[PDB]
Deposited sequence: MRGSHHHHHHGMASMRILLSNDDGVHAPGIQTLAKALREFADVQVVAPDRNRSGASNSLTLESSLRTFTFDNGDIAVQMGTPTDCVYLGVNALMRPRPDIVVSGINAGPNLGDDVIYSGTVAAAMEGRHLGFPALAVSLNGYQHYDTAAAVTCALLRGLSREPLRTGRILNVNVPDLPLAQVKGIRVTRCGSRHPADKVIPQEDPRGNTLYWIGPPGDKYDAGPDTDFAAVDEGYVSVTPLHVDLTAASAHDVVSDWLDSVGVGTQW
């Protein structure tokens, strides 16, 4: 099996390195990842710019200031030969759940993979410690794909930050929007300045049975068959009719 492995956290990240080592047990892996951490950066293709690459002794390739999508696009069309069987993104440091999948770099890489024509998977750890757990989950998932090739959608995977033995299973999920347990909690700093803290005062619950949120709350691996489509083709007529009805733009 041939894997194009990228991430959002960059080539030296523990998530991608833990995943790369576990995958090389059964698969041939090409890493093409950003040269540095990209979590805070936009995830679009860098158009009309000459991107420099760096090749390490182990074969990993770093794209200088490349986004996750740059890495997949350059990997597919220039850097990886022979071409990959599947594009993998992760393991991300932190969850990619609900509305955040629209904005996630980890997700964006997998999406670019699918747009280019390859099966694609994105993996995220809901925490900071148990990358081994997330690695084991990804390997088991990729085993299944080798045995039974699969949808023109990506698989968005979220893993609880727990030892592997405590993960209560794997669920096929839909995406939530924002978590009902998250709240705006007012805070003050030592200087008396106003601060706001977004999240749960206690445990995260009431998320909804089949959401990606709930699955992770209940200690389950969340798997979402995902395709970020923002278009609203059915709404075109209703907006047209509304503009004529109220006469918007007809008063200039």
Report the unmodelled segments of the deposited sequence as residue ranges counted from 1.
1-14, 165
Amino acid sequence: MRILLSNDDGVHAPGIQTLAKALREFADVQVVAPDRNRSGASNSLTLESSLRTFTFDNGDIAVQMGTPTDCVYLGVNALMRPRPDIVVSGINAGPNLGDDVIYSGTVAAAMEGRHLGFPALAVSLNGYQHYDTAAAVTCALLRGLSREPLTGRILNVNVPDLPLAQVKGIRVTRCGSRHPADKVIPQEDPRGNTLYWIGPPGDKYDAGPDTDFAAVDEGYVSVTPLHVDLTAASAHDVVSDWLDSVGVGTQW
From here on, numbers count along this sequence of modelled residues.
Can you tell me which stretch has the higher mean Cα B-factor, 32-40 or 195-203?
195-203
Mean C-alpha temperature factor, higher of 7-15 and 21-29:
21-29
Which one of 102, 170, 111, 87 shows the top CA temperature factor in the record?
170
Which one of 116, 125, 71, 121 shows the top CA temperature factor in the record?
116
Where does the C-alpha B-factor of residue 133 rank in its chain, lowest, middle or highest third?
middle
Name the third of the chain's ranked CA B-factors that contains residue 142, choosing lowest, middle or highest.
highest
Residue 165's Cα B-factor: lowest, middle or highest third of the chain?
highest
Using the B-factors in the PDB entry, rank residue 94's C-alpha atom against the chain and give the third, lowest, middle or highest.
lowest
Of the three thirds of the chain ranked by Cα temperature factor, residue 215 occupies the middle
